[PDB]
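Top line first, the protein sequences correspond to chains B and A.
Using the authors' numbering, read the first sequence as starting at 1 and increasing by one per residue.
Using the authors' numbering, read the second sequence as starting at 19 and increasing by one per residue.
Where is the CB? At the ideal position from N, CA and C, for every residue including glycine.
In what follows, a structure is listed as structure tokens, so that the remarks can point back to it.
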Amino acid sequence: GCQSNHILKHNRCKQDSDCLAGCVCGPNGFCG
Amino acid sequence: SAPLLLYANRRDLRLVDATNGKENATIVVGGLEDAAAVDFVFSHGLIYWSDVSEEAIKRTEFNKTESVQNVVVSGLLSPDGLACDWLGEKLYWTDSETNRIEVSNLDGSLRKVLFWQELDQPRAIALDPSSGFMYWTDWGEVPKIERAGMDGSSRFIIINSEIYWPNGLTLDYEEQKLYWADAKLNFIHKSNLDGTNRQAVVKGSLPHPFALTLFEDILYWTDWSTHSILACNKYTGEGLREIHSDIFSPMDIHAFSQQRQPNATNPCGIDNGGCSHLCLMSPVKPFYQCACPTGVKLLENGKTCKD
Ligand SMILES: *[C@@H]1O[C@H](CO[C@@H]2O[C@@H](C)[C@@H](O)[C@@H](O)[C@@H]2O)[C@@H](O[C@@H]2O[C@H](CO)[C@@H](O[C@H]3O[C@H](CO)[C@@H](O)[C@H](O)[C@@H]3O)[C@H](O)[C@H]2NC(C)=O)[C@H](O[C@@H]2O[C@@H](C)[C@@H](O)[C@@H](O)[C@@H]2O)[C@H]1NC(C)=O
Ligand SMILES: *[C@@H]1O[C@H](CO[C@@H]2O[C@@H](C)[C@@H](O)[C@@H](O)[C@@H]2O)[C@@H](O[C@@H]2O[C@H](CO)[C@@H](O[C@H]3O[C@H](CO)[C@@H](O)[C@H](O)[C@@H]3O)[C@H](O)[C@H]2NC(C)=O)[C@H](O[C@@H]2O[C@@H](C)[C@@H](O)[C@@H](O)[C@@H]2O)[C@H]1NC(C)=O
Ligand code: NA
Ligand code: NA
């Protein structure tokens with residue numbers, strides 16, 4: 001899923017690009 | 019008789035009453051960035067935490083009025099897990115970027131790297147100080163649960179099948195059992211402390227557990243996708259329920275109680291075991307082992323380091 005198991009990498013985010021491919025940076029600042 | 023639950027929440031640490039879980043959690047310390055790991059030394063009135071963005075482990079004195087945050091250990095690239103040895107008075111942690119397990123005194127002094135090989139994504143770490151064993155997980159390319167002496171001895175893999183994202187890990191000190199949560203296979207299992215007699219507790223449908231703790235007959239865990247704290251019976255996996263919800267970003271968790279850090283004799287006695295530097299718990303008689311900071315030689319007498 002878009003839920004990373006890393007504490008920061010692909011978890012915290014600023015833009016959709018910080019997330020795994022096809023995942024989005026949500027309004028709370030986390031990928032989802 | 020449910021306990022207070024202490025948990026990290028990235029921006030703060032919180033305490034919630036497991037008997038009044040619907041009510042608001044109280045903030046222990048605030049103004050954090052990515053607080054992840056948390057533990058305590060109840061009899062010293064200390065709470066420890068890691069902040070993976072500030073690359074540090076810090077502590078606070080929770081019986082004092084002033085709510086002060088003191089840096090204990092800095093320069094930690096990804097301190098994903100920590101445990102407090104409430105008996106030998108030591109701090110243990112994992113680092114998933116430098117791929118290490120390390121120990122220090124409670125003030126951060128005399129740091130010693132214990133393991134630095136065959137680690138990839140080390141994460142949870144739990145201690146059995148009166149037995150001198152430490153336990154940890156690694157969710158990397160070879161996922162596993164391991165145990166070793168708290169002195170760095172006798173490292174062994176105890177679980178390496180049916181395992182992928184072992185995030186949570188705790189011990190039942192009354193029943194002498196290990197419990198863990200796997201966030202990819204979506205269950206909670208238990209075993210003996212050597213990994214034998216593995217049994218399922220919660221068989222499935224745990225979407226992303228991160229950390230696990232225990233009190234009396236109840237398991238408690240945080241889940242990253244539900245943003246909540248759940249509980250179930252530690253034998254049957256039944257009575258599954260949601261203790262506390264709408265959590266910003268729940269992380270590590272403990273039952274916050276003196277009863278979870280049972281009093282025992284420190285085998286180091288009153289003279290630090292005659293050790294010049296570190297006196298670490300050990301699983302073989304006399305149940306302590308002297309040690310030195312990283313790179314520093316222990317003389318043949320087994321007590322004194324080369325200053
Ligand atoms: C060190 O802190 C202990 C934990 O306190 C909790 O956590 C901190 C962070 C803060 O949020 C506190 O507000 C919070 O309580 C503390 O133990 C806690 O003490 C309270 C009493 O102050 C206990 O509550 C009682 O509630 C009613 C009162 O009538 C009784 O019916 C209950 O049976 C119970 O006595 C909590 O149970 C206790 N929590 C835990 C986890 O033990 C501790 O206080 C000392 O221990 C308790 C058992 C009593 O002996 C108190 O008189 C002591 O002060 C505190 N220690 C010191 C030295 O300040
Ligand atoms: C678990 O309890 C042990 C027994 O002590 C009881 O529990 C507490 C309340 C303690 O304060 C005692 O009053 C009580 O009887 C405890 O071991 C005891 O620790 C104290 C220090 O905290 C030692 O202290 C006197 O001993 C020297 C002797 O020269 C004096 O010079 C000192 O001034 C000090 O006042 C006791 O000797 C010790 N008792 C025994 C039987 O060993 C224990 O503490 C842990 O283990 C001991 C051996 C030391 O290594 C401590 O530093 C450890 O904390 C306690 N465990 C924990 C985890 O707190
Ligand atoms: Na790594
Ligand atoms: Na732990």
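Within its own chain, the residues whose Cβ lies closer than 8 Å to the Cβ of A:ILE181, once the five positions on either side in sequence are excluded, are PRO161, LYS162, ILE163, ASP200 and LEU203, listed in chain order. Per DSSP, the unbroken beta strand (DSSP E) holding A:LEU230 starts and ends at 227 to 233. Taken through DSSP and simplified to helix, strand or coil, A:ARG278 comes out as helix. Uninterrupted beta strand (DSSP E) stretches at least 3 residues long and entirely within the segment 169 to 215 of chain A occur at 174 to 177, 184 to 190, 195 to 200 and 205 to 209, given in chain order.
In the displayed model, A:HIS62 falls within a helix according to three-state DSSP.
Within the same chain, Cβ atoms closer than 6 Å to the Cβ of A:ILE177 are found at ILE163 and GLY213, the five residues on either side in sequence being excluded.
One finds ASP52, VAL70, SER71 and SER96 in chain A with Cβ atoms closer than 8 Å to the Cβ of B:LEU8, taken in chain order. Nearest in C-alpha terms to A:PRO301, of all of A:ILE288, A:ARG173 and A:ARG278, is A:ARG173. As DSSP reads the structure, A:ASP156 sits in a beta bridge with A:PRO140 and A:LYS162. The criterion of a C-beta distance shorter than 8 Å is not satisfied by A:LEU22 and A:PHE228. By a beta-carbon distance limit of 8 Å, A:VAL91 contacts A:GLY126. Their separation comes to about 5 Å.
Around the beta-carbon of A:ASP138, fewer than 16 other beta-carbon atoms lie within 10 Å, marking it exposed.
Short of 7 Å from the beta carbon of A:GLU115, and not among the five residues preceding or following it, lie these beta carbons of its own chain, in chain order: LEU95 and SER96. With respect to chain B, the C-beta atom of A:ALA199 has no partner C-beta closer than 8 Å. In the structure shown, B:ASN5 falls within a coil segment according to DSSP collapsed to helix, strand and coil. For A:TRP242, the residues of chain B that pass the 7 Å Cβ criterion are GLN3, in the order they occur in the chain. In summary, the residues of the segment 219 to 232 of chain A whose CB is separated from some CB of chain B by less than 7 Å are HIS226, in the order they occur in the chain. Here the distance from the Cβ of A:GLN276 to the nearest heavy atom of ligand 1 is below 7 Å. Across the set A:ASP35, A:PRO304 and A:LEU64, the C-alpha of A:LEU64 shows the shortest separation from the C-alpha of A:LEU124. Residues of the segment 146 to 172 of chain A whose Cβ lies closer than 9 Å to any Cβ of chain B, in chain order: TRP157. Boundaries of the beta strand (DSSP E) harbouring A:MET299: 296 to 299, taken from the DSSP string. Counting of Cβ neighbours within 10 angstroms places A:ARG259 among the exposed residues, the total staying below 16. Counting C-beta atoms within 10 angstroms of its own C-beta, B:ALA21 has fewer than 16 neighbours from the protein chains shown and is therefore classed as exposed. In the displayed model, A:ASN88 falls within a strand according to three-state DSSP.
In this structure, A:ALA142 places its C-beta atom within 8 Å of the C-beta atom of A:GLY186. Shortest Cα-Cα distance from A:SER171 to any of A:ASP325, A:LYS315, A:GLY313 and A:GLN307 involves A:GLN307.
Contacts with chain B at 8 Å (Cβ-Cβ) include A:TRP183.
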